[PDB]
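# Coordinates in review
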Amino acid sequence: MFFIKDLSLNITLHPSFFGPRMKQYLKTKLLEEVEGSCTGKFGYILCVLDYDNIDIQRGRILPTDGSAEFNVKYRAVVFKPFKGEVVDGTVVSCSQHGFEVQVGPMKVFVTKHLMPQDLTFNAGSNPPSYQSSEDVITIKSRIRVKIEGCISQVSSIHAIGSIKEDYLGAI
Amino acid sequence: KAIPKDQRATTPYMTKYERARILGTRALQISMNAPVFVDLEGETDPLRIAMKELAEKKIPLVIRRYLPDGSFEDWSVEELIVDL
Amino acid sequence: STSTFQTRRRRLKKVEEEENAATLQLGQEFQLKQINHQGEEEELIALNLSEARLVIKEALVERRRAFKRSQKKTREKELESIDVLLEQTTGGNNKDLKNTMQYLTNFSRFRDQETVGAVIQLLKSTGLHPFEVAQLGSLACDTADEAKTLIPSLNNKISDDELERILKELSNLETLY
Amino acid sequence: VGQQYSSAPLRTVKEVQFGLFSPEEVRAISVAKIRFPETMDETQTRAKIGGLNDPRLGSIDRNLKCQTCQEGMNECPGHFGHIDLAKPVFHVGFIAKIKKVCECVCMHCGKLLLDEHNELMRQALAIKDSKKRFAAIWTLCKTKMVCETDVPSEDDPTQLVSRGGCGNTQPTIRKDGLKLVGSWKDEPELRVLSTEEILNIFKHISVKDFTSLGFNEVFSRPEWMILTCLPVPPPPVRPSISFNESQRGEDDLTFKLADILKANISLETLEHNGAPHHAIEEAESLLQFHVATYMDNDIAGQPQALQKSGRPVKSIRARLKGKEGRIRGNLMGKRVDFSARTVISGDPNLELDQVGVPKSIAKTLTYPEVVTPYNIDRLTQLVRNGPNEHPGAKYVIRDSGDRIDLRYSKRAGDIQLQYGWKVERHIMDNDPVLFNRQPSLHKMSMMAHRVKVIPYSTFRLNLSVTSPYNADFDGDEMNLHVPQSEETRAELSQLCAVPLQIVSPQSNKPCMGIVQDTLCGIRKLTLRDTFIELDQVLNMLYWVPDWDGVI
Amino acid sequence: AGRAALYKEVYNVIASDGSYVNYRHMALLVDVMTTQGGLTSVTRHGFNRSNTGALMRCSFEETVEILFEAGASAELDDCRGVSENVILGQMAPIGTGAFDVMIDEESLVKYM
Amino acid sequence: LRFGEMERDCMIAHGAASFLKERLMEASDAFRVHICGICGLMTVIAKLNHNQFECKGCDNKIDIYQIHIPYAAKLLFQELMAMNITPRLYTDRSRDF
Amino acid sequence: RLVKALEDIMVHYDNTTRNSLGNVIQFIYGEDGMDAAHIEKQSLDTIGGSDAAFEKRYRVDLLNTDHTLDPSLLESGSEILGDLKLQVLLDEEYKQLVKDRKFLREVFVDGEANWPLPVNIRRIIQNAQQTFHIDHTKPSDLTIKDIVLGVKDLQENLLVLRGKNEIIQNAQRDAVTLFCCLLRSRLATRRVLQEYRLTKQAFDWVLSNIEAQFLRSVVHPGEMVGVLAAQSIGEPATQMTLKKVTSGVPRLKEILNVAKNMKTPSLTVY
RNA sequence: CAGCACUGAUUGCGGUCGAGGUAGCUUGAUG
Ligand SMILES: [Mg+2]
Ligand SMILES: [Zn+2]
Ligand SMILES: [Zn+2]
Ligand SMILES: [Zn+2]
């Protein structure tokens, strides 16, 4: 799943920062505007690999003010989920509707009806949980889900995941 | 397409339009508080300083000359001759 | 934004965007056949957990190093060592990355850039598409029916037996906690 | 420019793809149904009916709302609306092609009247250049008036080959007003080609035929020269105009639409009631009429489609037409800020590159200098000076994007400039400027001078530079434009300055010399016969500012 | 021989007035009218029909009409026309803009 | 005052590229619209506050740009539309040459 | 119209005159690559005059007591009289100036020698003259190789087109030709010594400026030559304030319109 | 750009030059 994609950004520099160590300021800029971002086109851009050889190429000066625009060609590590994907994580929350699991930077939620029959939700339990003849899903317990669908949104991505299928559940 | 430093074919001199625009652009930056690479012998008018920078060929810029077909040749202020 | 090395002349009619699934049909942005900046083709890059834990770290550390070249002028263990390395080379607002280290550090199935190596040399010879070659190496697996089920894109592709061999050896080279 | 940050990227325009609107798109774009012809008055009450101008489109009354897009008047461009017609209608200007089309393809089955099979044809389909590859097709299809079913191939003129078929005679066609007619040849048989019909025959045209004929599969399909849905330009294109309040102000356009609207509904209310078959095409022609005149109005078929008061009306085409109109009038040439004009007079005391600006003008025109350590000092003195003493300024602007009006502000005397703020100051001795005299037909008709602030109300220029702008002082008026960007200036001072203009390329000779007094006199003084004595040879020397101080 | 003629015939109009103009200009006009095939007029009939962009031929004697048949057969504009840009409010590939300018961060360090 | 065609004609002659852009824009119309990277139109519903964008119909939200053009022109376009003509505004060339 | 019809034309970085399509209109603006501003009227001496006068001016024969350079000219002259290896260069010089003559007479049939050309040579010397205080008495110090050999190396540096190949480096010659004729015309050995006593120092000097001032007379990739052209025809069309045939303002219109029915048809026959 | 302000002068009426026509006429250029 996780990825390593080759990307490229464009930053506009205002004359002021036209110093001896500009190369240095660009990079940092590149970082604050990419590390932590989100899109449906790329997923989560988590970290910029190889920091040393980041390409800045020659920068061209706009034409009304003195700013310059550089096309910074970098490389990084990304993560974008998929319907039909199978990943496992840690539960985090739980309620009369299901429990939310966490697969890395992302979170997959599971609907009460999108899990097994014989598994009921217990109200007065504390912390909240679901019980089975043999299973006990709750806070820490590590599960393993199947992402039935992915939904993009602002600065993140979410998904509904079932565990009704086989070989799924907790481990 | 891009052209290699060698095989270059344009005029080795600076077009009156280039220089006019370099002084301009340069000044603008200088007037925007950009850093100056020359000893200001006391000047205060940006275009003045600009002309000074251009006289000590210490302006960090590059003229990309586009050809009819789309390719282009790159020349630095440093390289070009400033006759005029 | 960020632009992804492929320019398709979007002539208005932007209607034909296919679905997504483990049918190996991933966005137009992840064809196995994808281009590298140099201008050449280069197979997709599938990172399996733990295999990423290192890349992130390796280049994250080298960042620390060089971040200073310019300043002169065990489960519950790596969990803290990693927390610091971040609070020194992270944007501090990258809650996404932190949380991505725990996960990446608790669920990792390996720990040596040697073992990981084997995994790779081993796995790669299958001809499997990078996505499989990752999931296969990041998901506990004992029975083919277990893998070829949690990874339906395999089915016809391999042979129940040999896969069982591979799986059988993974758990062997599976480093101990 | 426009103000307010936009988290959007910014690029320039490089390609402009021209095309026609697809009734499907028009519908897609809109945000307003637009079903009522009325303006607003929810029964006299003031606002707007979810009917015409603002059924969600733009806005009036200086109020946010632009489909929550708020921002208000200055920022919210228009938001198109549509208006489902009742029955297809031609497009005033395209009629001509639609005629040229049907003549190029027989109806009933819609397909070319000629193929590779006809030699005189091949040579036509080759011509790569739609524009000509059409007046080639059409020129060889208005003549064929039969939809042949079999043509002799390249073989024997004895052997016959087949393609498609249905020889229903090709009816020659003529333009009678806003409709099309054709006979079908003992004795003729005349009938009227219906819009609805025409559309269909086009709707079936082949994709390979499109192209053969001058079109494009995605940007312009012939089945679009016929209108179905009508896009409604939002207010900003047909702004209101209010005489305070309790009064109208509606733009010519807003009405024409309203006319098309009225003239639409009645042609529908008749298709669901007493529909006297041929007493409808007497009310449909009205729509094709309004919709036609809305766009073009000076049609050849006399009736101008007048409007109460007998004032012709302003078709859209009228707004873009020759000079004093959009294209040539607003885009190719504009009115502009930072300009001035008055009378010129001579002055044998300014250098060549100078120009006398009267304090009055000098106190109005302005330049934006950016506070920098190189001048904080200098600049602050101006801001204090205020906008009444000459060397002064009249507007300080902080990065925050807000204007300080030096002539009012309770902090006028106060203020402490900030490295980065701009200070619009008065033009001062030596601010280069573009000075000109119309008509402009010379490079030199416009040149750059060094400002020199003088008194009295006239632009002062040096004799010699007179023949270039070509001007006398018998009350001739001149123009001046003030630069604005450090880089702009440079452009004037580096290529537009006068000292540069001395030698002229339109005749490889200098285009400036000594004239009148200065000339006539230079001669007298020359003569051998002529001698000057000490008590004056000393004053003369003094006058030359570059004198080495050596008698 | 036509170009020769044409020029000869134009020069004589200016020469009859003691007016003088350096070859090159007239020669350019002569050439412009003569390239394509033979005699192409400096009028709404000729020069303003060629493959030049749309928005250009658009600012001269046939405005609306030209734009109509422009979208009709979906033209495309390069935006190389001086006019084109002016209409757009962008700097034109004109002298000062017949090239680009760039900051070579490299050399931007040797200067210190 | 007026910067007529003839005057334009002149600055083009001098090759005073930038100053011409200055007359025409910064000192007159000068305005900014939001475009779509697909249906090259002025459809975008730029809420410029909470950022939201969109050209439903071309249905976007991601590939949106913004140019700077003379309001006059904005109008020329809008008018050309109400007459059913599509003036597409694209920021990258494809035809090359 | 003259305007709108030529807007988009401008000189490009390859020294080609093109419009907005990319269409060549000229391959070298003006057919010479020179900027209208740097061009004065210069006379081409090599053209007019009796075949006799020509000989007496550019002919030098080191094998004839009456057609050599009196030792009062070239310092090292008495020791050249008769030299045979020289007379071969000295013969090339003449066999060229003559080739020139015939050429020019095939371009300017009128025999008109005054024309617009860059780099005013006449003055370039005049300065060299009083800039080195030359005395028409004492001899020179220019080798006969020196003269004839520098003049050759000079032409090799008057560059318009740069190109690294034949097609271009060929066009180069063309674009310079006429000038060089004027060049050899004035830097003729006889001339360079009997008419304007130049020293080695001086001569060397003249050559450098001719080279420099030339390079400065080229055109700048960037000029909007089209509009320039238009106006240049147009402005002089209003100063028109008015042996019997159609001529003037209405005739010009006749032209541009390319009308078939001109008021005056006429035609001349020889 | 003769002149008016009758219907909205951030523009109608109309005028002059030029072409086109069977004309009981279109406009291209034109404040
Ligand atoms: Mg007068
Ligand atoms: Zn709005
Ligand atoms: Zn048929
Ligand atoms: Zn869109």
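## Let's talk about the overall build of chain B
Broken down by element type, chain B carries 2 helices and 2 strands. Ordered by position in the sequence, the α and β elements of chain B form the string α-α-β-β. In terms of overall dimensions, chain B has a C-alpha envelope of 45 × 25 × 20 Å along the principal axes. Here chain B holds 84 residues, and 54% of them are scored as buried. Within chain B, residue pairs in contact and separated by at least 24 positions form 50% of the contacts whose partners lie at least 6 positions apart. When the accessible area of chain B is evaluated, it comes to approximately 3,700 Å², of which 50% is carbon and sulfur surface.

## With respect to unusual backbone geometry
Between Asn126 of chain A and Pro127 of chain A the backbone carries a cis peptide bond, its omega angle lying at 0°. Its location among the elements puts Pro127 of chain A in the loop between strand 12 (120-122) and strand 13 (129-131). Residue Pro439 of chain D follows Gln438 of chain D across a cis peptide bond; omega there is 0°. If you trace the backbone, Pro439 of chain D turns up in the loop between strand 18 (432-436) and strand 19 (446-454). A positive phi angle, close to 65°, is found at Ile415 of chain D, a residue other than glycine. Looking at the secondary structure, you find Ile415 of chain D in the loop between strand 16 (402-404) and strand 17 (422-426). Note on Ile415 of chain D: relative accessible area 14%, which makes it buried. One non-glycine residue with positive phi stands out, namely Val119 of chain G, at about 55°.

## Notes on the environment of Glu154 of chain D
With respect to the element layout, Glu154 of chain D can be found in the loop between strand 5 (150-151) and strand 6 (161-162). Placed 37 residues apart in sequence, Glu154 of chain D and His117 of chain D show a C-alpha to C-alpha distance of 7.3 Å.

## Describing the arrangement of the chains
Most contacts, when the 17 pairs of chains in contact are compared, are made between chains D and F. For chain C and chain E, which are not in contact, the least C-alpha distance works out to 13 Å. Across all C-alpha pairs, the smallest distance from chain C to chain G is 23 Å, and the two are not in contact.

## Observations regarding the state of the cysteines
Under the criterion given, the structure shown has 3 disulfides over all chains. The disulfide partner of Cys66 of chain D is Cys76 of chain D, and the gap between their sulfur atoms is 2.0 Å. When the S-S torsion is -85°, as for the bridge of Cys66 of chain D with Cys76 of chain D, the disulfide is left-handed. With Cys66 of chain D in the loop between helix 1 (23-29) and strand 2 (81-89) and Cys76 of chain D in the loop between helix 1 and strand 2, the pair connects residues that are 10 residues apart, well separated along the chain. Grouping residues by exposure puts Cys66 of chain D and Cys76 of chain D together as buried. Free of any disulfide, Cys38 of chain A has its nearest neighbouring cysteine sulfur in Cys150 of chain A, separated by 11 Å. Its sulfur unpaired, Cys102 of chain D is 9.4 Å from the next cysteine sulfur, which belongs to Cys106 of chain D. The buried category is assigned to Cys102 of chain D, whose relative accessible area is 7%.

## Overview of the interface of chain D and chain B
Of the residues lining the interface, 12 residues belong to chain D; the matching set on chain B comes to 16 residues. Across the chain D to chain B interface the summed buried area is about 1,200 Å²; carbon plus sulfur atoms make up 63%. The largest contributions to the chain D side of the interface with chain B come from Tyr374, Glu486 and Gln494 of chain D, which together make up 51% of the buried area. Across the contact surface, chain D and chain B share 0 salt bridges. The tally of links between chain D and chain B comes to 1 residue pair in polar contact. Looking at which element gives the most residues to the side of chain D that touches chain B, the answer is helix 14 (residues 486-496) of chain D, with 6 residues.

## Overview of empty space enclosed by the protein
Computed from the structure, the largest cavity encloses a volume of approximately 120 Å³. For the largest cavity, the lining is made up of 13 residues, of which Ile29, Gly78 and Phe80 of chain D together with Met42 and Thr43 of chain F are closest to its centre. When its residues are assigned to classes, the lining of the largest cavity shows 7 nonpolar, 5 polar and 1 charged.

## Side note on the protein's contact with RNA strand H
The local shell around RNA strand H holds 14 residues, among which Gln307, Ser309 and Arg311 of chain D together with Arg44 and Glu61 of chain E are the closest. For RNA strand H, the fraction of protein-proximal atoms (within 4 Å) that sit in sugar or phosphate groups is 60%. A distance of 2.7 Å separates a sugar or linking oxygen of RNA strand H from a polar side-chain atom of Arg311 of chain D. Separating a phosphate oxygen of RNA strand H from a side-chain N or O atom of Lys323 of chain D is a distance of 3.2 Å. Its residues assigned to classes, the surface near RNA strand H shows 1 nonpolar, 3 polar and 10 charged.

About the criteria used
Residues numbered from 1 in each chain as written, not as in the entry; some residues may be left out. Chains lettered and ligands numbered in written order. Part of a larger assembly, values for the part shown. Heavy atoms only, no water. Residues with missing side-chain atoms left out of burial classes, pairs and counts. Helix = DSSP H or I, 4+ residues; strand = E, 2+ residues; numbered from the N terminus. Buried < 20%, exposed > 50% of the residue type's maximum accessible area, 1.4 Å probe, protein only. Contact = heavy atoms within 4.5 Å. Areas by Shrake-Rupley, 256 points an atom, 1.4 Å probe, with all protein chains shown as cover. Disulfide = S-S within 2.5 Å. Buried area = accessible area lost by both parts, 1.4 Å probe. Salt bridge = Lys/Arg side-chain N within 4 Å of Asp/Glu carboxyl O. Polar contact = N/O pair within 3.5 Å; in protein donor to acceptor, adjacent residues only side chain to side chain. 1 Å grid on protein atoms, 1.4 Å probe; cavity = no way out; pocket = protein on both sides within 12 Å on 5 of 7 lines; lining within 4 Å. Points joined across faces, edges and corners; volume = space filled by probe spheres on them. Nonpolar A, V, L, I, M, F, W, Y, C, P; charged D, E, K, R; others polar. Near = heavy atom within 4 Å.

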